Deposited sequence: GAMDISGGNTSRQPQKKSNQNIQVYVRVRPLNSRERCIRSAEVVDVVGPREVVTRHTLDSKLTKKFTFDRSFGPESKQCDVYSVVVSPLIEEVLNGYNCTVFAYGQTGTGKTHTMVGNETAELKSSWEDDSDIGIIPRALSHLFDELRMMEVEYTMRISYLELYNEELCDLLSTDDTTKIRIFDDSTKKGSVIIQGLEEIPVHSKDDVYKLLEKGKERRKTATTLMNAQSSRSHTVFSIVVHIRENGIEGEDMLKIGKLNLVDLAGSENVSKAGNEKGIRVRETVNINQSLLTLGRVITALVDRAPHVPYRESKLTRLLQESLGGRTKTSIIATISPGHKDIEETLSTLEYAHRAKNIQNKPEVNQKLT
């Protein structure tokens, strides 16, 4: 019932290659990540995860290991969350979304540059197509930008988005005004993902040309009635966080301050949970209010921690690895949502 934690090391980029950055992070075997001393190549640190993915890792294998097992749990009425977490430019958006649009034809298994969200949509429709059930699927796509909530599937600025600390699940949130769009095909959800992707707050940064300036949550909710009639509600929350940055006026700096503060709060929440501190500071950030159910709550949660292999980034990389390594100890209490019926 623990959170599952994974690490994904991106390749050195062209600009790192040209200045010959020291590569001090290595994936060893299927689970370990090590750091190596510049001067003698001796191991300095060794962390073990549910799986570690090196710089040659493929999109289809990250999906297969991390996300494909959760599709079965969503279809069984579990709430499931995957979130990518790590320094700016380390591969969160590559991993969670990617850049290619999915062919209405492709499989989740296909070896391509497509990331998790399109593979998960494709896989869920492939499963639902074979099930002897009635189902509804509703999509929402939420952005948290400079501590304000934005609906990426709205076509105007006409509807206010508010967050309420939750109902009988007394550990959860309700988001009023967010679109929950019914979808009936892969084509329908691909067309929504593409429209919402275009609305995301991003910045053209060197080696990070679509830097995420916001946290985004893509949520899939499935109601499944078999054929007492049994109704199950499954949820899959696919979360792309904005990246931390080791810290001149302007919106850019205000974004960096808000991103770094929300991630510091997420670290405090992880530390409080693993230390067993009596107060877990979920309410200190909108991000941790959104993630509260996923962190010690009634969800199956998987974390993908993304890191750079370069010595220039080793302090940010060690922070990510240390927070990821501690989050493996978080105990969740997943429960089937079965509203009888």
property	result
In sequence order, the deposited-sequence ranges that have no modelled C-alpha atom	1-19, 247-250, 271-275
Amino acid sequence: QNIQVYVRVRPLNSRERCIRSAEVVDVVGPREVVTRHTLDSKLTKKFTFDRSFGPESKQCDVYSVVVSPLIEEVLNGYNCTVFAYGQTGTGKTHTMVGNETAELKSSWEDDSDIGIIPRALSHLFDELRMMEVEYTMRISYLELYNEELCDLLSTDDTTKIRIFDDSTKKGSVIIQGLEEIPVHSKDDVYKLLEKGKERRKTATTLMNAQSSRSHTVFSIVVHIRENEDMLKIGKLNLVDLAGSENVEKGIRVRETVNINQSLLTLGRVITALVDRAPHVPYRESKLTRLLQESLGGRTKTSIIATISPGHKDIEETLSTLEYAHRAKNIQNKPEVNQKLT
From here on, numbers count along this sequence of modelled residues.
{"item": "Comparing 153-161 with 116-124, the one whose average Cα B-factor in the PDB entry is higher", "value": "153-161"}
{"item": "7-15 versus 20-28 - greater average Cα B-factor per the deposited record", "value": "20-28"}
{"item": "Candidate set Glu103, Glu143, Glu132, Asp240 [ranked by C-alpha B-factor, highest]", "value": "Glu103"}
{"item": "Options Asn246, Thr81, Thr93, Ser214 - largest CA temperature factor per the record", "value": "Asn246"}
{"item": "Cα B factor band for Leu39 (lowest, middle or highest third within the chain)", "value": "highest"}
{"item": "Where the record places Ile71 (Cα B-factor, split into thirds across the chain)", "value": "middle"}
{"item": "Third of chain Cα B-factors occupied by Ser219", "value": "lowest"}
{"item": "Chain thirds of CA B-factor: placement of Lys201", "value": "middle"}
{"item": "Modelled-residue ranking by C-alpha temperature factor, third containing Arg138", "value": "middle"}
